[PDB]
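*Asks:* Quick one: structure below, then a few questions.
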Amino acid sequence: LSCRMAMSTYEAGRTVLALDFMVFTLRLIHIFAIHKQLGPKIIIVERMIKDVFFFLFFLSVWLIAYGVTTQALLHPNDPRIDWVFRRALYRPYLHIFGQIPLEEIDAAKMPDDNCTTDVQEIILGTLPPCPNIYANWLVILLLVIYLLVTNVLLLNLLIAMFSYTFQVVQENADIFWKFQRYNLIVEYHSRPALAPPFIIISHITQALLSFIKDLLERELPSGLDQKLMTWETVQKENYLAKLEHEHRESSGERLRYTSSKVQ
Amino acid sequence: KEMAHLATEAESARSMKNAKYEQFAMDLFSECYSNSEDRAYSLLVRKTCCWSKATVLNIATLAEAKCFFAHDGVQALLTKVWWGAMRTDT
Amino acid sequence: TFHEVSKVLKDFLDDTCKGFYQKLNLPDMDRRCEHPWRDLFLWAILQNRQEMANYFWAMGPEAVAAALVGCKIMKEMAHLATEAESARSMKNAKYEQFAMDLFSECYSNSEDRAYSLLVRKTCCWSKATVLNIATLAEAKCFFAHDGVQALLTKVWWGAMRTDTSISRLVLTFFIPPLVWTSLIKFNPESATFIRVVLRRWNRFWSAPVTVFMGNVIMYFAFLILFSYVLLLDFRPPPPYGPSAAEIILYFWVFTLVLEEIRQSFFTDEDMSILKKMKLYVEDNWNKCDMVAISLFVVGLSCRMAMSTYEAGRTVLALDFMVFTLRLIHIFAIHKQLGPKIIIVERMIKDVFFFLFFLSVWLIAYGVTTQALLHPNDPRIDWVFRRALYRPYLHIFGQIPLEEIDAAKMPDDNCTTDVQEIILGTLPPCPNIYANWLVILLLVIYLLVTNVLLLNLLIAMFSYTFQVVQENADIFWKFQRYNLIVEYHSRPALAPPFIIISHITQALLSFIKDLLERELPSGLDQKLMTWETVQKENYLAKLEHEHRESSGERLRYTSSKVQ
Ligand SMILES: C[C@@H]1CC[C@@]2(OC1)O[C@H]1C[C@H]3[C@@H]4CC=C5C[C@@H](OCC[C@H](CO)CO[C@@H]6O[C@H](CO)[C@@H](O[C@H]7O[C@H](CO)[C@@H](O)[C@H](O)[C@H]7O)[C@H](O)[C@H]6O)CC[C@]5(C)[C@H]4CC[C@]3(C)[C@H]1[C@@H]2C
Ligand SMILES: C[C@@H]1CC[C@@]2(OC1)O[C@H]1C[C@H]3[C@@H]4CC=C5C[C@@H](OCC[C@H](CO)CO[C@@H]6O[C@H](CO)[C@@H](O[C@H]7O[C@H](CO)[C@@H](O)[C@H](O)[C@H]7O)[C@H](O)[C@H]6O)CC[C@]5(C)[C@H]4CC[C@]3(C)[C@H]1[C@@H]2C
Ligand SMILES: C[C@@H]1CC[C@@]2(OC1)O[C@H]1C[C@H]3[C@@H]4CC=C5C[C@@H](O)CC[C@]5(C)[C@H]4CC[C@]3(C)[C@H]1[C@@H]2C
Ligand SMILES: C[C@@H]1CC[C@@]2(OC1)O[C@H]1C[C@H]3[C@@H]4CC=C5C[C@@H](O)CC[C@]5(C)[C@H]4CC[C@]3(C)[C@H]1[C@@H]2C
Ligand SMILES: *[C@@H]1O[C@H](CO)[C@@H](O)[C@H](O)[C@H]1NC(C)=O
Ligand SMILES: *[C@@H]1O[C@H](CO)[C@@H](O)[C@H](O)[C@H]1NC(C)=O
Ligand SMILES: [Ca+2]
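Chains as they are written, first to last, in PDB author numbering: chain B, 808 to 1020, 1027 to 1076; chain W, 539 to 628; chain L, 450 to 473, 489 to 653, 698 to 1020, 1027 to 1076.
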């Protein structure tokens, strides 16, 4: 909004507000904690992130290699740095999602466009540069190998990682969701009773009452507190006695007793 | 769990990780919940005298005892709090 | 004669059993053995007698080394095994398990004598360190032990405390004067001030982790410089000169070659030159680097001439890929990034299976459709294009129906004459005699390849990942040990600077360790006795837990009640 109030930064303000809408929308993920089916998925996504980081390291290495190699082989005379980075990382990254523009990589499929080789004309953007087709069989072979590796090996390996991580996490994810649901319930327990923009009313009321003047964490009378302490102690004794009893009648203890007694 | 992070020798750290003191709390509270189920809630929400007026839920938050919060009794109390004066089966 | 047993031991170990019996050239027959239990264990081991060999191991002075040697000999003999039963028993030798359990007991006892046990020079095995024997036996499970990994972490962090945050290290590295500050903790132990500050500086910068991270950063710098030279400042042949940045790159790679030569001929001591070279080239990374160096040399040599200039540029560009892939090695140190490299290796074999199936089915479909669709195209390159290149791209969603489906063919200006087709004047007119067959075959191919084969490969990857996951951690632990050792031996300055360290080393050699240290006689004897006591306690614990096992209790009770 501050950048929006000024003409010299107006488009920047609009851009920042648009990017902030994404943050506000993603803040809506919190409500999913209450639902039992939608709860653990958020926690599972967190481990999915780490597997994604591993896959991104592998992708980054292999993609840098392939993209720089093909940019060197195909457009060796293009000085435009932005286009170097485009052809070296942006295009190979899109190759993962089925975007393979063979019109720029395969000599047979290149359009009969009007392209130039002069550096001055290339830099000024008058004409698109004419791709080098010296050894294009190498470019096609490298593209085939890259597609194989990235789309099959790497993607299926990431699917395997996700599958294994899901199987491992599933048990602990429910416990994490239970804790998250506790946190959500406590937060909405402490929250004032009116949703914003109305909240303003509750805040004004609270401040006015504070100037003018729980279900959880309640303190009990002395007698009830003492009775609860005694009841907890009795339950603890019963629990320990049950443990000791089930230990005495365990198979191993019975065998040890029988062996000593028979000896 | 704090001492395990501050642990030097491998054997002591290994024993400290497998402390299963939270398991004691879970089993004891399971027994308590199975007994009365109404005194157990007060046990969860009362202010302990030995630990400077600290609620058992407050300590569970402090220890980050996630497994304890997963207990059926704690979740039932949370559902009761969540639904307020309304019945939890609505 | 003892020559035969010496040569058998040479085949099995090749470095450890030197001088056991060639010393005196045979020793006089009357003189008693200096290490009787070692000889008896080794003799009992060479003939697959495990119970007798286990008994001899139980009485031997150095038990971890003996167990590791037994593991090596057993895995070698299993390969040389004829009868199935003996081979099966030999595979399940579990001598490495003895070493792991005994060292676990030792580590649980003191945790400081255990490190000395790992790094001391054993007297029975010809001054061979237990880690050296573990490397010899390739006892990957032993290296996975928590004690070995803790010692490796201690070596890796040098004088610095192993609990130091990575951020503290990086901030100290970028700003060297922070080293004298209390920012980063250090393990205990006018002119003096210069001496003490120099000692602290040297202690920080000689740590293997600092050397590693410096090498990583300047390998990134090398890749950036290589890419800049290749893509933006690559000039015509020397008539117009290589770029200054290209000259700097040449010097950089020359320093890399010097580093390789150092690792291949001057590593740690004076062993056989042929053996040293074999050990150097046995490492796959040392083959990758070698390929990179050779490709770079060929690339620059072809680059210096006008008649091969484009070929030189192509070779250099292809070499950049090798150099970039050489960067995978740094991933071994990280625990999350470590096992993934090992998992990819098994992924490769599953990929080979899928590639066999793909190759068969793709050849069938591609040749069939080329025959059906372009029967009059003589161009061999286009035959191979339409037969293998296009069907391979069908896997990744590239389905150009404009060339396969009659309804979707453009109204282009195509010819049917063979002369016009060969000369490339016009594209050939595809045959549409029975195009329904072409479409049906394309549909079947898409179904099979994209659904059945790809999902079957995903299933293979899923199953292999589940199987490998457990063993991958052990493999990563061994790989991390190798990386830590390599960066421990490495000089302290990353290339192209390396040149300085090499010059210093050569000048000092002409003018004039944490691992594999030799101990005084008293300390060595005390460590031997402590290991023997720990072994006895471990065996007693095994026997005790066996007596109070349920089965043994039942057997005793049955016999006694009868
Ligand atoms: C199962 C597994 C799958 C993967 C793979 O292994 C097996 O498959 C293999 C197959 C192989 C490929 C097989 C064949 C080839 C062809 C070969 O070129 C032969 C040389 C000739 C000549 O010098 C080049 O051709 C001609 O170039 C000219 C460019 O000036 C074109 O002019 C065009 O100019 C303009 C472009 O618009 C327009 O005027 C017209 O359009 C047209 O006039 C011609 O039309 C065209 O004829 C290069 C190598 C390549 C692509 C192989 C690469 C590797 C594979 C994919 C294997 C995999 C590992
Ligand atoms: C669930 C499962 C999925 C898979 C599958 O099984 C079920 O589906 C089945 C469906 C089936 C297909 C169903 C139908 C057909 C059509 C049939 O042609 C009928 C014959 C007629 C005539 O002789 C051919 O047509 C005409 O050709 C002409 C070519 O000269 C076109 O002229 C064009 O010329 C130029 C081209 O640019 C331009 O001037 C214009 O563009 C246009 O003037 C006409 O426009 C077009 O009308 C061939 C077989 C095919 C493709 C089936 C194949 C198998 C399936 C996919 C099954 C699967 C197993
Ligand atoms: C995933 C990483 C993020 C960081 C980075 O690499 C990928 O992004 C790339 C985008 C590049 C930009 C893209 C476009 C232009 C415009 C051109 O007129 C001048 C150069 C410049 C600023 C480039 C400088 C180098 C940059 C930041 C690259 C940078 C290493
Ligand atoms: C995966 C395999 C690799 C090996 C191979 O089959 C796939 O590659 C194919 C590429 C083919 C090339 C492609 C282009 C041309 C140009 C043409 O003017 C003369 C013929 C020639 C050299 C062809 C000869 C046969 C070749 C090597 C094929 C060879 C069996
Ligand atoms: C390509 O550009 C030149 C520039 O003079 C022009 O003469 C020619 O007509 C153009 N051809 C195309 C493809 O339009
Ligand atoms: C196709 O080629 C012929 C060759 O003479 C020409 O006469 C005709 O105009 C061309 N048609 C198209 C599609 O331009
Ligand atoms: Ca090397």
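Positions of the beta carbon are idealized from the N, C-alpha and C atoms, including for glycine.
#1: Taking 7 Å as the cut-off, is the beta-carbon of residue 797 of chain L closer than that to any non-hydrogen atom of ligand 7?
#2: Starting from residue 569 of chain W, find everything on chain B with Cβ-Cβ shorter than 7 Å and list it in chain order.
#3: Under the criterion of a Cβ to heavy atom distance below 7 Å, does residue 526 of chain L qualify as lining ligand 7?
#4: By Cβ distance, which residues of its chain are closer than 6 Å to residue 840 of chain B, with the 5 residues on each side in sequence left out?
#5: Select from L:908, L:910, L:902 and L:984 the residue whose C-alpha is nearest the C-alpha of residue 956 of chain L.
#6: According to the Cβ coordinates, are residue 612 of chain L and residue 1031 of chain L closer than 8 Å?
#7: I'd like to check one pair, residue 505 of chain L with residue 545 of chain L: are the Cβ atoms closer than 8 Å?
#8: Going by the C-beta, is residue 987 of chain L closer than 7 Å to any heavy atom of ligand 7?
#9: Considering Cα atoms alone, identify which of B:828, B:817, B:963 and B:892 is closest to residue 964 of chain L.
#10: How many angstroms separate the CA atom of residue 496 of chain L from the CA atom of residue 473 of chain L?
#11: In the segment 593-616 of chain L, which residues sit with their C-beta less than 9 Å from some C-beta in chain W, listed in chain order?
#12: Skipping 5 residues on each side, what residues in its chain have a beta carbon closer than 8 Å to that of residue 871 of chain L?
#13: Could you check if residue 901 of chain B belongs to the surroundings of ligand 3, using beta carbon to heavy atom distance under 7 Å?
#14: Rounded to a whole number of angstroms, what is the C-alpha to C-alpha distance between residue 971 of chain L and residue 543 of chain L?
#15: So what does DSSP say about residue 645 of chain L, is it helix, strand or coil?
#16: Looking at the unbroken alpha helix (DSSP H) that takes in residue 521 of chain L, where does it start and where does it end?
#17: Taking 8 Å as the cut-off, does the segment 906-925 of chain B touch the segment 941-951 of chain B (at least 3 CB pairs, one atom from each stretch)?
#18: Taking a contact to mean a Cβ-Cβ separation below 8 Å, would you say residue 736 of chain L touches residue 835 of chain L in this structure?
#19: By how many angstroms is the C-alpha of residue 519 of chain L removed from the C-alpha of residue 1045 of chain B?
#20: Tell me which residues of the segment 533-550 of chain L have at least one Cβ-Cβ distance to chain W shorter than 9 Å, keeping chain order.
#21: Look at the alpha carbon of residue 943 of chain B and the alpha carbon of residue 877 of chain B, and state the distance between them as a whole number of angstroms.
#22: Use the C-beta contact count for residue 608 of chain L: other C-beta atoms within 10 angstroms, 16 or more gives buried, fewer gives exposed.
#23: Express the C-alpha separation of residue 812 of chain L and residue 750 of chain L in angstroms, rounding to a whole number.
#24: At the 8 Å Cβ level, is residue 802 of chain L part of the contact set with chain B, yes or no?
#25: Express the C-alpha separation of residue 881 of chain B and residue 758 of chain L in angstroms, rounding to a whole number.
#26: What is the C-beta distance between residue 614 of chain L and residue 715 of chain L, in whole angstroms, given that I count them as a contact (C-beta under 8 Å)?
#27: Contact between the segment 857-876 of chain L and the segment 758-772 of chain L: three or more CB pairs below 8 Å?
#28: Does DSSP classify residue 746 of chain L as helix, strand or coil?
#29: Please report how far the alpha carbon of residue 571 of chain W lies from the alpha carbon of residue 856 of chain B, in whole angstroms.
#30: Would you mind reading off the limits of the alpha helix (DSSP H) that contains residue 886 of chain L?
#31: For residue 883 of chain B, count the other beta carbons within 10 Å of its own beta carbon; 16 or more makes it buried, fewer makes it exposed. Which is it?
#32: Confirm, please, whether the CB-CB distance from residue 983 of chain L to residue 858 of chain L is below 8 Å.
#33: Could you check what DSSP says for residue 585 of chain L in three-state terms: helix, strand or coil?
#34: Between which two residues does the alpha helix (DSSP H) containing residue 705 of chain L stretch?
#35: Residue 491 of chain L to residue 470 of chain L, Cα distance in whole Å?
#36: Residues of chain B with CB closer than 8 Å to the CB of residue 584 of chain W, please, in chain order.
*Replies:* With the structure as the only source:
#1: Mapped onto the third sequence, residue 797 of chain L falls at position 289. Yes, ligand 7 has a heavy atom inside 7 Å of this Cβ.
#2: Counting from 1 along the second sequence, the entry for residue 569 of chain W is found at position 31. Per Cβ cutoff of 7 Å: 1048, 1051 and 1052.
#3: Numbered from its first residue, the third sequence carries residue 526 of chain L at position 62. Residue 526 of chain L Cβ: outside cutoff for every heavy atom of ligand 7.
#4: As a working note, residue 840 of chain B is residue 33 in the first sequence. Within the same chain, residue 840 of chain B has close Cβ partners 846, 987, 988 and 991.
#5: Here residue 956 of chain L refers to the residue found at position 448 of the third sequence. For residue 956 of chain L, the nearest C-alpha among the options comes from L:902.
#6: Along the third sequence, read from residue 1 onward, the residue named residue 612 of chain L stands at position 148. Along the third sequence, read from residue 1 onward, the residue named residue 1031 of chain L stands at position 517. Contact: no.
#7: Here residue 545 of chain L refers to the residue found at position 81 when the third sequence is read from its first residue. Here residue 505 of chain L refers to the residue found at position 41 when the third sequence is read from its first residue. No, these two residues do not count as a Cβ contact at 8 Å.
#8: For the purposes of this step, residue 987 of chain L is taken as the residue at position 479 of the third sequence. Residue 987 of chain L: no, Cβ never under 7 Å from ligand 7.
#9: In the third sequence, counting from the first residue as 1, residue 964 of chain L sits at position 456. Checking every option, the nearest Cα to that of residue 964 of chain L belongs to B:963.
#10: As a position in the third sequence, residue 496 of chain L is number 32, starting the count at 1. As a position in the third sequence, residue 473 of chain L is number 24, starting the count at 1. Going from the Cα of residue 496 of chain L to the Cα of residue 473 of chain L covers about 12 Å.
#11: 610, 611 and 614
#12: If you number the third sequence from 1, residue 871 of chain L lands on position 363. Counting only Cβ-Cβ distances below 8 Å, and skipping sequence neighbours, we find 895 and 896.
#13: Translated into the one-based positions of the first sequence, residue 901 of chain B becomes position 94. Not so, every heavy atom of ligand 3 lies at least 7 Å from the Cβ.
#14: In the third sequence, the residue the question calls residue 971 of chain L occupies position 463. In the third sequence, the residue the question calls residue 543 of chain L occupies position 79. So the two alpha carbons sit approximately 28 Å from each other.
#15: For this step, residue 645 of chain L is matched to residue 181 along the third sequence. If DSSP states are grouped into helix, strand and coil, residue 645 of chain L belongs with coil.
#16: Indexing the third sequence from 1 puts residue 521 of chain L at position 57. 514-523 is the span of the alpha helix (DSSP H), which, as asked, contains residue 521 of chain L.
#17: yes
#18: What you label residue 736 of chain L is simply residue 228 of the third sequence in a count that begins at 1. What you label residue 835 of chain L is simply residue 327 of the third sequence in a count that begins at 1. Taking 8 Å as the Cβ cut-off, residue 736 of chain L and residue 835 of chain L do not qualify as a contacting pair.
#19: Working through the first sequence from its first residue, we reach residue 1045 of chain B at position 232. Working through the third sequence from its first residue, we reach residue 519 of chain L at position 55. Computed Cα separation, rounded: 56 Å.
#20: none
#21: In the first sequence, the residue the question calls residue 943 of chain B occupies position 136. In the first sequence, the residue the question calls residue 877 of chain B occupies position 70. C-alpha separation (whole angstroms): 10 Å.
#22: On the third sequence, position 144 is the one that residue 608 of chain L refers to. It is buried - the Cβ of residue 608 of chain L has at least 16 other Cβ atoms within 10 Å.
#23: Mapped onto the third sequence, residue 750 of chain L falls at position 242. Mapped onto the third sequence, residue 812 of chain L falls at position 304. Roughly 8 Å separates the two Cα atoms.
#24: Position 294 of the third sequence holds residue 802 of chain L. Not closer than 8 Å to any Cβ of chain B, the Cβ of residue 802 of chain L fails to qualify, so no.
#25: The residue given as residue 758 of chain L occupies position 250 in the third sequence. The residue given as residue 881 of chain B occupies position 74 in the first sequence. Spanning the two alpha carbons is a distance of roughly 24 Å.
#26: Working through the third sequence from its first residue, we reach residue 614 of chain L at position 150. Working through the third sequence from its first residue, we reach residue 715 of chain L at position 207. Wrong, their Cβ atoms sit about 16 Å apart, outside the cutoff.
#27: no
#28: In the third sequence, the residue the question calls residue 746 of chain L occupies position 238. Residue state, collapsed to three classes: coil.
#29: Counting from one through the second sequence, the residue named residue 571 of chain W turns up at place 33. Counting from one through the first sequence, the residue named residue 856 of chain B turns up at place 49. Residue 571 of chain W and residue 856 of chain B: Cα-Cα distance of roughly 38 Å.
#30: Here the question's residue 886 of chain L lines up with position 378 in the third sequence. Here residue 886 of chain L belongs to no alpha helix (DSSP H), and DSSP marks it neither H nor E.
#31: Position 76 of the first sequence, counting from 1, holds the residue named residue 883 of chain B. Buried, by the Cβ-count rule.
#32: Taking the first residue of the third sequence as 1, we reach residue 858 of chain L at position 350. Taking the first residue of the third sequence as 1, we reach residue 983 of chain L at position 475. No.
#33: Start at 1 with the first residue of the third sequence, and residue 585 of chain L comes out as number 121. Strand.
#34: To locate residue 705 of chain L, count along the third sequence from 1; it is residue 197. That run of the alpha helix (DSSP H) goes 699-713.
#35: As a position in the third sequence, residue 491 of chain L is number 27, starting the count at 1. As a position in the third sequence, residue 470 of chain L is number 21, starting the count at 1. If I take the Cα positions, the gap works out to 7 Å.
#36: By 1-based counting over the second sequence, the position of residue 584 of chain W is 46. What residue 584 of chain W touches in chain B: 1031, 1032, 1033, 1038 and 1041.
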